[PDB]
RNA sequence: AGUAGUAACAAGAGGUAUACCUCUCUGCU
Ligand SMILES: [Mg+2]
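Chains as they are written, first to last, in the authors' numbering: chain B, 1 to 184, 207 to 632, 657 to 672; chain A, 202 to 714; chain C, 42 to 136, 228 to 248.
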């Protein structure tokens with residue numbers, strides 16, 4: 001016999017045991033080295049889809065920009081960026097017609113949220129580029145450095161603490177032709215062109231630990247001055263996208279399965295004996311490199327129509343900043359020699375003015391193709407978006423295309439509906455014959471080609487309605503299996519005893535709530551977490567036969583106290599947890615079981631040692671880095 | 202009221218962020234804000250060319266072709282330890298005054314093997330100085346017997362520095378000093394060379410699903426069960442742990458956990474010496490008496506790790522009884538000595554066999570040691586497959602399908618392909634096979650596996666959509682085939698998984714005639 | 042990585058930074074041969090490094106104080122406990229916000245009346 | 001040599017000066 005697990009699919013459907021085709025227990029792939037090859041590949045691939053635009057030299061930054069929209073219509077199935085803008089304004093007007101009062105209510109609540117936002121709301125979130133250092137930093141440090149450098153020069157409008165005043169300071173700071181920045207010493211002086219290029223810079227790294235890609239890719243982090251406008255625009259688009267029923271974002275958990283079952287219940291309700299219904303499961307190819315920011319400017323100027331003009335300007339800043347962006351090309355390259363047996367490192371700013379006899383064939387071709395885009399070590403990137411920035415406006419545009427296909431609007435022999443999330447879409451098409459379904463697919467695909475949305479012909483497939491997949495939510499006949507998120511390691515997080523205990527139990531609880539964790543898997547996760555906990559803090563049970571540095575005093579504490587079921591795990595007591603009591607912290611679960619001398623020795627405030659938990663002597667503070 | 206206006210510099214920026222036929226930002230705002238459409242989309246869709254359409258080609262799995270497997274040399278082993286070939290020296294219920302310290306247990310297991318002959322080479326490393334491997338084993342055998350303490354650190358000899366590769370990294374200069382060498386070039390960035398699928402990895406996955414006579418994984422206690430869903434969960438979990446514990450995949454889990462834990466502790470504690478690390482697992486018998494098994498030694502190198510991908514080299518020396526001269530393509534990386542003789546007194550005969558030692562120079566990183574410390578997730582994930590299928594049968598029957606799913610003492614599930622046809626086993630064989638699949642997905646994990654699984658899931662779902670009479674169809678199937686087939690280069694697990702998909706596709710062809 | 046940092050920091054002898062007034066209550070040596078504090082300090086802040094045997098020593102042989110305000114200080118956690126333990130369960134019906233991991237699953241559900 | 005895979009690790013930052021030196025205890029039955 002030769003063992004084959006895929007033969008399991010001969011007995012069950014594939015939708016039941018699809019969790020065997022997810023190899024998420026080994027290490028995900030990482031990238032060793034520079035992200036310069038990937039970022040130059042992104043720039044070259046972006047300027048090769050919008051090739052028939054118009055090249056205009058930018059007046060201020062001096063960089064060569066490219067304008068794809070209102071351009072020639074495509075004539076193949078390769079991805080193109082030529083989005084006609086009257087079609088974009090038409091789809092936004094139709095989305096306004098189908099939902100009365102939507103854009104006004106979203107804009108009204110955004111204006112309500114603008115005048116009561118403090119500047120420390122920028123401190124939240126992930127890392128951020130810092131142009132005073134040319135380095136990624138935390139958001140709080142980059143914000144503090146930007147406020148300090150603005151305070152040295154004559155820009156102090158953010159003294160009131162608000163955020164719109166800090167954006168006023170940001171816009172006013174482009175006046176200064178004499179920006180002096182203390183660099184590592208000597209305080210160097212930026213000119214106006216250098217500061218204006220440094221403000222519009224995205225810092226590009228390689229995305230590590232991603233699942234489902236053989237070859238790596240590049241992602242980018244925005245600057246500090248462009249974080250606030252992006253936050254306000256994403257707030258408006260978030261307030262819109264929560265009210266379109268065809269938007270998969272930003273909800274999740276059990277409030278996403280209801281959307282799939284709702285659109286299947288709607289679109290397959292009143293089907294006659296002839297009313298065929300098909301379903302396309304589809305991914306979009308090149309979702310980043312084809313949505314132009316000027317299309318987003320037309321969208322945020324059509325959405326905010328009739329609003330006060332300060333609102334239109336404040337929300338229109340972010341596409342204007344994004345259509346002039348540059349890209350920092352990373353950390354150079356590494357050269358070697360095996361005769362003299364030595365290696366060297368070259369930086370990114372030498373790429374435009376080096377001899378090309380040191381590179382291979384393909385990288386020399388890449389430098390020759392990117393050489394005419396260099397501005398002070400950065401490459402101009404006017405066409406195309408980069409990943410992660412505008413995640414809800416793209417969903418708004420896709421929902422507009424899905425809202426084109428109503429019966430009252432089309433008046434054809436086909437109609438459609440469905441869901442769109444980020445760059446993942448599920449489209450349900452009803453018609454009378456199969457050729458009507460084919461013509462409806464053609465109308466959808468050709469309409470998507472007019473706004474930059476490119477359906478991937480390789481990774482999409484169509485069948486009859488009942489089984490499909492939307493962002494790794496697998497729907498079969500009314501049953502949704504969720505495999506969107508990775509099954510996390512249920513180990514300790516590394517704070518202390520009590521903090522890691524409470525964090526682990528609440529993590530298993532929220533995974534049972536959100537990501538469909540079964541009860542038996544939850545019990546085995548409790549077992550694995552307590553096993554790794556008792557190893558990590560050297561706090562195994564009292565009656566054990568092991569030996570560590572704590573087993574002497576743990577042994578004495580076990581033998582001396584009487585009600586042995588009342589000690590905590592870090593005192594070598596028994597694990598009390600099960601499925602019904604994951605939300606209770608450990609000190610409260612064993613309160614009535616503790617003998618009062620042990621409890622009084624535990625929760626004394628006078629000890630020198632000192657998640658929603660109690661405070662005991664186990665809540666100590668670890669050794670800092672020396 | 203609120204106020205926001207542009208400065209002149211940002212205004213000259215904003216006049217260049219428009220559609221190309223405009224010239225002023227306020228003019229484009231006035232065009233957008235007073236736009237009344239007149240069916241522009243119909244004019245564009247009548248004006249766009251007719252090559253731009255999503256044509257449907259209908260899917261038929263009785264006509265599609267098999268996935269291609271590449272050509273080259275046979276694929277060789279790349280695991281950190283020997284999987285089905287390793288031999289273990291055992292101590293039953295140890296009490297030797299160290300009692301858990303790994304070097305004391307390694308000495309206690311080494312003293313139960315007499316028959317140390319003079320070590321000679323029987324399979325050479327192809328690109329190595331094999332006398333350095335022989336002298337590394339002789340130096341380790343000398344330095345074990347003279348240890349006084351809890352840790353052994355080796356003397357920095359010449360052959361040990363070659364075997365760990367010290368001094369092989371070239372020097373790092375400034376660019377302005379050496380920019381005038383004719384030999385200077387970029388680091389080599391070729392794609393990997395393709396490899397033909399060999400015949401041993403199917404044997405490894407065969408033997409990694411069979412029961413053994415030990416009880417490997419020992420879980421903790423749980424609280425007092427009260428709720429009925431806790432009783433259902435306890436039923437499912439206790440059947441699974443009763444059926445999955447004694448398999449070899451649990452032994453590989455425990456061995457990988459112990460090796461990577463000891464490697465990370467010696468890397469972050471003593472990051473200067475050549476620290477000898479032993480390979481220990483601890484198990485019980487079916488009678489309950491403890492047992493300590495030793496598999497081999499690992500000599501660490503220097504570990505100045507600052508990134509998450511910086512590599513520490515090590516030398517792994519593992520005992521075995523498999524003569525490597527019968528499958529010699531499997532061991533291109535190794536260097537195999539012959540170090541002893543062992544007496545097998547079994548129920549049939551009473552013979553002697555030579556005991557070999559497999560020596561190789563491997564390397565690992567910090568993220569690989571971290572993810573190898575957490576191989577116990579395999580024991581989770583397979584359960585979350587099997588239990589999930591139970592829920593997948595509870596939503597089309599609307600009852601607790603727990604009990605008529607584990608009390609099915611009958612060969613029901615297909616799991617194999619013999620030369621007689623497709624073979625069926627019980628549900629416990631499925632649990633052991635899914636645990637072995639998760640373990641081998643964690644040992645041989647690479648990027649090609651991610652690409653292959655993520656691109657073959659659509660072929661599985663298309664075949665499933667065909668078999669439910671849902672009439673599937675695709676738009677570009679050759680691109681899907683090429684996107685799968687580019688991710689099959691040289692990993693043995695990816696080549697074996699593509700062979701498994703080819704056999705599944707031929708089986709579902711033969712199902713419907 | 043903070044988890045790996047905790048794992049290699051607990052392997053060393055002195056991982057816990059205790060306050061500098063620990064020397065007036067608990068001695069240096071153990072009854073079993075372990076050291077409970079050195080005379081080191083932390084990174085700039087004068088807190089003397091200890092071993093976890095000091096924590097277990099305090100838990101088994103510390104100064105007993107009075108703890109009666111904890112049913113009122115951390116009252117919401119004991120409220121969770123009492124609403125769990127005084128509530129009775131029900132059947133598994135195949136087809228509040230706190231226990232939604234317990235009484236509302238992927239396919240099944242469970243009747244659960246709370247305490248009272 | 002070896003890990004690995006579209007580019008890297010195979011020690012690096014320094015002092016006197018091509019040789020030395022400061023910094024950057026490990027027990028999962
Ligand atoms: Mg999709």
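Positions of the beta carbon are idealized from the N, C-alpha and C atoms, including for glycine.
Indicate the three-state DSSP secondary structure (helix, strand or coil) for residue 346/B in the structure shown.
-> Residue state for residue 346/B is assigned as coil, using DSSP reduced to three classes.
Could you check what DSSP says for residue 379/B in three-state terms: helix, strand or coil?
-> In the three-state reduction of the DSSP assignment, residue 379/B falls in the helix class, which pools H, G and I.
Indicate, with yes or no, if ligand 1 has a heavy atom lying under 6 Å from the CB of residue 305/B.
-> True, at least one ligand heavy atom lies under 6 Å from that Cβ.
What does residue 628/B touch in chain C if you count any residue whose Cβ is under 8 Å from its own?
-> Within 8 Å Cβ-Cβ: 104, 106.
Pairwise C-alpha distance: residue 485/B and residue 589/A = Approximately 25 Å between the Cα atoms of the pair.
Helix, strand or coil: which one does DSSP assign to residue 492/A?
-> Reduced to three states, the DSSP call for residue 492/A is strand.
Enclosing beta strand (DSSP E) for residue 399/A [first to last residue] | Premise fails: residue 399/A is in no beta strand (DSSP E) and is neither H nor E.
Residues bridged to residue 479/A [DSSP beta-bridge criterion] | Answer by DSSP bridge pairing, in chain order: 498/A.
Interface flag, residue 600/A vs chain C, CB-CB below 7 Å | The Cβ of residue 600/A sits closer than 7 Å to at least one Cβ of chain C.
With 16 other CB atoms within 10 Å as the buried threshold, where does residue 315/A fall?
-> Taking all protein chains in view, the Cβ of residue 315/A is surrounded by fewer than 16 other Cβ atoms within 10 Å, so the residue is classified as exposed.
Along the chain, which unbroken stretches of the alpha helix (DSSP H) at least 4 residues long are found entirely within the segment 426-496 of chain B?
-> Those alpha helix (DSSP H) runs which fall completely within the segment 426-496 of chain B and span 4+ residues are 429-432, 456-470.
Tell me which same chain residues have a C-beta within less than 7 Å of the C-beta of residue 710/A, skipping the five on either side of it?
-> Excluding sequence positions up to five before and after residue 710/A, its CB lies within less than 7 Å of the CB of 262, 263, all in the same chain and listed in chain order.
Indicate, with yes or no, if ligand 1 has a heavy atom lying under 6 Å from the CB of residue 669/A.
-> For ligand 1, not one heavy atom lies less than 6 Å from the Cβ of residue 669/A.
For residue 677/A, is the beta carbon positioned less than 6 Å from some heavy atom of ligand 1?
-> Checking the Cβ of residue 677/A against ligand 1 gives no.
With residue 241/A and residue 90/B assumed to form a contact (beta carbons below 8 Å), what rounded beta-carbon distance in angstroms separates them?
-> With 8 Å as the limit, residue 241/A and residue 90/B qualify as a contact, their Cβ atoms being about 6 Å apart.
Distance, Cα to Cα, residue 434/B vs residue 300/B?
-> The C-alpha of residue 300/B is placed about 16 Å away from the C-alpha of residue 434/B.
Going by the CB atoms, is the gap between residue 667/B and residue 625/B shorter than 7 Å?
-> No; because the gap between Cβ atoms is not below 7 Å, this pair is not in contact.
Please go through the same chain and pick out, in chain order, the residues whose beta-carbon is closer than 7 Å to the beta-carbon of residue 358/B, but skip the five residues on each side of it.
-> So the list reads 365, once near-sequence residues are dropped.
Residue 572/A: contacting residues in chain B (beta-carbon distance under 7 Å) = Within 7 Å Cβ-Cβ: 26, 27.
Alpha carbon to alpha carbon, how far is residue 493/A from residue 413/A? Give it in angstroms, no decimals.
-> Near 15 Å, if we compare the C-alpha coordinates of residue 493/A and residue 413/A.
Based on the DSSP output, what are the partners of residue 552/A in its beta bridges?
-> Per DSSP, the beta-bridge partners of residue 552/A are 545/A.
Tell me, please, which residues DSSP counts as bridged to residue 623/A.
-> Residue 623/A is bridged to 618/A.
Compute every distance between the C-beta of residue 41/B and the non-hydrogen atoms of ligand 1, then say whether any falls below 6 Å.
-> No.
Could you round the C-beta distance between residue 351/A and residue 302/A to whole angstroms and report it? I think they count as a contact, below 8 Å.
-> Indeed, because the Cβ distance is near 5 Å, the residues count as touching under 8 Å.
Grouping DSSP H, G and I as helix and E and B as strand, with all else coil, what is residue 111/B?
-> Helix, per DSSP.
With a cut-off of 8 Å, do at least 3 Cβ pairs link the segment 462-470 of chain B to the segment 313-331 of chain B?
-> Contact between the segment 462-470 of chain B and the segment 313-331 of chain B is absent, because fewer than three Cβ pairs lie under 8 Å.
By Cβ distance below 8 Å, which residues in the same chain neighbour residue 631/A in space, the five residues on each side in sequence not counted?
-> Excluding residues within five positions, the ones whose Cβ falls inside 8 Å are 587, 614, 616.
Mind the definition here: the segment 169-176 of chain B touches the segment 138-154 of chain B only if three or more C-beta pairs lie below 8 Å; say whether that holds.
-> Cβ pair count under 8 Å is three or more, so yes.
Three CB pairs or more closer than 8 Å across the segment 55-72 of chain B and the segment 251-267 of chain B | With the cut-off at 8 Å, the segment 55-72 of chain B and the segment 251-267 of chain B do not touch.
Under a three-way DSSP split, which group does residue 61/C fall into?
-> Reduced to three states, the DSSP call for residue 61/C is coil.
Quick one: measure Cβ to Cβ for residue 226/B and residue 352/B, integer angstroms, because I've assumed they're closer than 8 Å.
-> That pair is a contact at about 6 Å.
Mapping DSSP to helix, strand and coil, what is residue 84/C?
-> Under the three-state reduction of DSSP output, residue 84/C falls in the coil class, being neither helix nor strand.
Whole-angstrom C-beta distance between residue 97/C and residue 575/B, which should lie under 8 Å = Under the criterion of beta carbons closer than 8 Å, residue 575/B and residue 97/C qualify as touching, at roughly 4 Å.
Under the three-state reduction of DSSP, which class applies to residue 190/A: helix, strand or coil?
-> The structure shown does not extend to residue 190/A, since chain A spans only 202 to 714, so no value can be given for it.
Closer than 7 Å to chain C by CB, residue 431/B | At least 7 Å separates the CB of residue 431/B from every CB of chain C.
What's the gap between the Cα of residue 361/B and the Cα of residue 505/A?
-> Per the coordinates, the alpha-carbon of residue 361/B lies some 27 Å from the alpha-carbon of residue 505/A.
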